[PDB]
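Have a look at entry-v1.cif below; it lists mmCIF, C-alpha atoms and all ligand atoms.
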```cif
data_upload
#
loop_
_atom_site.group_PDB
_atom_site.id
_atom_site.type_symbol
_atom_site.label_atom_id
_atom_site.label_comp_id
_atom_site.auth_asym_id
_atom_site.auth_seq_id
_atom_site.Cartn_x
_atom_site.Cartn_y
_atom_site.Cartn_z
ATOM 1 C CA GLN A 1 -13.922 -14.615 -12.718
ATOM 2 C CA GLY A 2 -13.666 -11.465 -10.630
ATOM 3 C CA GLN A 3 -11.026 -9.891 -12.884
ATOM 4 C CA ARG A 4 -11.038 -6.169 -13.672
ATOM 5 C CA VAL A 5 -10.698 -5.719 -17.444
ATOM 6 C CA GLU A 6 -9.988 -2.392 -19.118
ATOM 7 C CA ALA A 7 -11.419 -1.248 -22.432
ATOM 8 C CA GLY A 8 -9.721 -3.042 -25.300
ATOM 9 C CA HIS A 9 -8.933 -6.125 -23.208
ATOM 10 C CA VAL A 10 -8.969 -9.443 -25.058
ATOM 11 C CA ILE A 11 -11.855 -11.588 -23.817
ATOM 12 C CA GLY A 12 -11.747 -14.720 -25.955
ATOM 13 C CA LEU A 13 -12.195 -16.330 -29.350
ATOM 14 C CA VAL A 14 -15.348 -16.774 -31.410
ATOM 15 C CA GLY A 15 -17.078 -20.146 -31.592
ATOM 16 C CA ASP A 16 -19.443 -22.158 -33.772
ATOM 17 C CA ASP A 17 -21.647 -23.748 -31.114
ATOM 18 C CA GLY A 18 -24.864 -22.832 -32.926
ATOM 19 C CA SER A 19 -24.084 -23.501 -36.595
ATOM 20 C CA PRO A 20 -20.988 -25.675 -37.177
ATOM 21 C CA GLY A 21 -18.895 -24.504 -40.109
ATOM 22 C CA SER A 22 -19.707 -20.816 -39.643
ATOM 23 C CA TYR A 23 -18.356 -18.914 -36.642
ATOM 24 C CA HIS A 24 -20.236 -16.104 -34.917
ATOM 25 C CA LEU A 25 -20.498 -14.242 -31.609
ATOM 26 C CA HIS A 26 -23.667 -13.991 -29.520
ATOM 27 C CA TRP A 27 -23.634 -10.436 -28.148
ATOM 28 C CA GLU A 28 -26.230 -9.356 -25.584
ATOM 29 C CA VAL A 29 -26.621 -6.267 -23.382
ATOM 30 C CA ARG A 30 -28.611 -6.249 -20.136
ATOM 31 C CA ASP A 31 -29.364 -3.959 -17.214
ATOM 32 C CA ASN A 32 -29.371 -6.968 -14.849
ATOM 33 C CA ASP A 33 -27.326 -10.136 -14.329
ATOM 34 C CA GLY A 34 -30.231 -12.477 -15.093
ATOM 35 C CA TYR A 35 -30.613 -15.187 -17.713
ATOM 36 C CA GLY A 36 -33.893 -14.258 -19.374
ATOM 37 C CA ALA A 37 -35.342 -11.967 -22.036
ATOM 38 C CA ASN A 38 -36.782 -9.611 -19.383
ATOM 39 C CA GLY A 39 -34.288 -6.755 -19.403
ATOM 40 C CA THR A 40 -32.567 -7.212 -22.756
ATOM 41 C CA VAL A 41 -31.553 -4.263 -24.942
ATOM 42 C CA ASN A 42 -30.561 -4.497 -28.600
ATOM 43 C CA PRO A 43 -26.751 -4.068 -28.681
ATOM 44 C CA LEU A 44 -26.748 -2.140 -31.969
ATOM 45 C CA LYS A 45 -29.344 0.390 -30.808
ATOM 46 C CA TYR A 46 -27.612 0.711 -27.432
ATOM 47 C CA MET A 47 -24.189 1.377 -28.962
ATOM 48 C CA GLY A 48 -25.676 3.771 -31.517
ATOM 49 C CA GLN B 1 3.222 -28.307 31.951
ATOM 50 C CA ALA B 2 0.889 -29.059 29.041
ATOM 51 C CA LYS B 3 2.460 -32.513 28.687
ATOM 52 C CA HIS B 4 1.699 -33.452 32.290
ATOM 53 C CA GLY B 5 -1.735 -31.821 32.084
ATOM 54 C CA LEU B 6 -1.209 -29.321 34.903
ATOM 55 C CA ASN B 7 -2.026 -26.140 32.970
ATOM 56 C CA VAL B 8 -4.553 -27.439 30.417
ATOM 57 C CA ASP B 9 -7.420 -25.563 32.083
ATOM 58 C CA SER B 10 -5.427 -22.324 32.293
ATOM 59 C CA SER B 11 -3.992 -22.642 28.778
ATOM 60 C CA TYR B 12 -7.356 -23.395 27.136
ATOM 61 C CA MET B 13 -8.515 -19.783 27.507
ATOM 62 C CA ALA B 14 -5.417 -18.369 25.802
ATOM 63 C CA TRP B 15 -5.590 -21.107 23.156
ATOM 64 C CA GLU B 16 -9.183 -20.173 22.309
ATOM 65 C CA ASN B 17 -8.286 -16.474 22.233
ATOM 66 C CA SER B 18 -5.385 -17.155 19.857
ATOM 67 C CA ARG B 19 -7.605 -19.291 17.618
ATOM 68 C CA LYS B 20 -10.211 -16.519 17.485
ATOM 69 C CA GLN B 21 -7.514 -13.960 16.651
ATOM 70 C CA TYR B 22 -6.177 -16.145 13.829
ATOM 71 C CA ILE B 23 -9.679 -16.674 12.425
ATOM 72 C CA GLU B 24 -10.282 -12.918 12.590
ATOM 73 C CA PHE B 25 -7.020 -12.288 10.724
ATOM 74 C CA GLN B 26 -8.000 -14.744 7.981
ATOM 75 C CA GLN B 27 -11.462 -13.184 7.710
ATOM 76 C CA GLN B 28 -9.884 -9.726 7.471
ATOM 77 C CA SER B 29 -7.618 -10.874 4.633
ATOM 78 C CA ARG B 30 -10.516 -12.423 2.707
ATOM 79 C CA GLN B 31 -12.597 -9.304 3.391
ATOM 80 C CA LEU B 32 -9.857 -7.078 1.971
ATOM 81 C CA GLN B 33 -9.645 -9.252 -1.148
ATOM 82 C CA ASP B 34 -13.426 -9.030 -1.574
ATOM 83 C CA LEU B 35 -13.204 -5.259 -1.090
ATOM 84 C CA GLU B 36 -10.670 -5.090 -3.915
ATOM 85 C CA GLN B 37 -12.953 -7.214 -6.099
ATOM 86 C CA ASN B 38 -15.871 -4.867 -5.400
ATOM 87 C CA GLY B 39 -13.565 -1.890 -5.977
ATOM 88 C CA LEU B 40 -14.030 0.102 -2.758
ATOM 89 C CA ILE B 41 -10.253 -0.076 -2.165
ATOM 90 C CA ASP B 42 -7.633 0.574 -4.833
ATOM 91 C CA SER B 43 -4.592 -1.622 -5.388
ATOM 92 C CA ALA B 44 -2.246 0.958 -3.846
ATOM 93 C CA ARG B 45 -4.307 1.147 -0.653
ATOM 94 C CA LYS B 46 -4.626 -2.648 -0.521
ATOM 95 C CA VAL B 47 -0.855 -3.040 -0.179
ATOM 96 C CA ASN B 48 -0.846 -0.537 2.686
HETATM 97 ZN ZN ZN C 101 -27.562 -16.002 -31.346
#
```

Please re-express this file's structure in C-alpha cells.
Amino acid sequence: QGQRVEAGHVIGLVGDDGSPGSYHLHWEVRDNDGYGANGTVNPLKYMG
Amino acid sequence: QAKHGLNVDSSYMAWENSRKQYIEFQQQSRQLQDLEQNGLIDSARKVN
C-alpha cells in the first residue's frame, strides 16, 4: 500500500476464487476509487 | 534542583516547549513521508 509502481511492475499471481479449477483475473477500470458499478469502463474498449 | 523540587515551576515551561518541538519534528517527518507518497516531492529532494 502506498508504493509507486512503474509500468511493467509485477503485481501478483492469478487466482481461482470464483470458479475453482480454472484460474482467471478480474480486471476493472474506473475513473473513481469507489466500489460500485457507477463509473466503470470496459477495459478492452478503454485500452483499444 | 529538579530532585529537590526547587525548579519544577521554572523547568515546566522549557519542558513543555521541548515536548512541543519534538512533536512538531515528528509531525514534520510524517508530513514529508506523506508528501513523498502523494508525489509532490521527489526522492532526491526528500533526502535533502
Ligand atoms: Zn469476474

Decode the PyMOL selection byres (((not hetatm)) within 10 of (chain C and resi 101)) for the given file into explicit residues and return them as a VMD selection string.
-> chain A and resid 17 to 19 24 to 28

Atomic separation - CA of residue 23 in chain B relative to CA of residue 46 in chain B, Å |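 Computing the Euclidean distance for CA of residue 46 in chain B and CA of residue 23 in chain B yields 19.7 Å.
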
Using the chain letters and numbers from this file, what does the PyMOL selection byres ((chain B) within 10 of (chain A)) select? Give the answer as a PDB file with C-alpha atoms, keeping the file's coordinate frame.
```pdb
ATOM      1  CA  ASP B  34     -13.426  -9.030  -1.574  1.00  0.00           C
ATOM      2  CA  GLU B  36     -10.670  -5.090  -3.915  1.00  0.00           C
ATOM      3  CA  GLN B  37     -12.953  -7.214  -6.099  1.00  0.00           C
ATOM      4  CA  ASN B  38     -15.871  -4.867  -5.400  1.00  0.00           C
ATOM      5  CA  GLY B  39     -13.565  -1.890  -5.977  1.00  0.00           C
TER       6      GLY B  39
END
```
